[PDB]
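Below: the structure, in structure tokens.
Residue numbers (mature numbering (1 follows the signal peptide of the UniProt record, and there is no 0)): 1 to 64.
Written out as structure tokens, the structure reads:
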């Protein structure tokens, strides 16, 4: 499996979550917000037809 992490403008881990193999999971980031993270065959994290904001970035926390 793969891990999904969300960072803020300062590239600081603000959200965390787990993502299955070849799947996707929505993580909670902010007082009231969330972002969907899709895991590719190569554990590549990416958004689902959606864009980021405030510099929100995604990082692979590693293995679940």
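Built from N, CA and C at the ideal position, the CB exists for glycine as well.
For the beta strand (DSSP E) containing residue 28, list its first residue and its last residue. 24-28
Range covered by the beta strand (DSSP E) that runs through residue 15: 13-19
Just curious, the beta strand (DSSP E) that residue 7 is in, first and last residue? 2-7
Can you tell me the Cα-Cα spacing of residue 30 and residue 5, whole angstroms? 13 Å
DSSP three-state label for residue 50, please. coil
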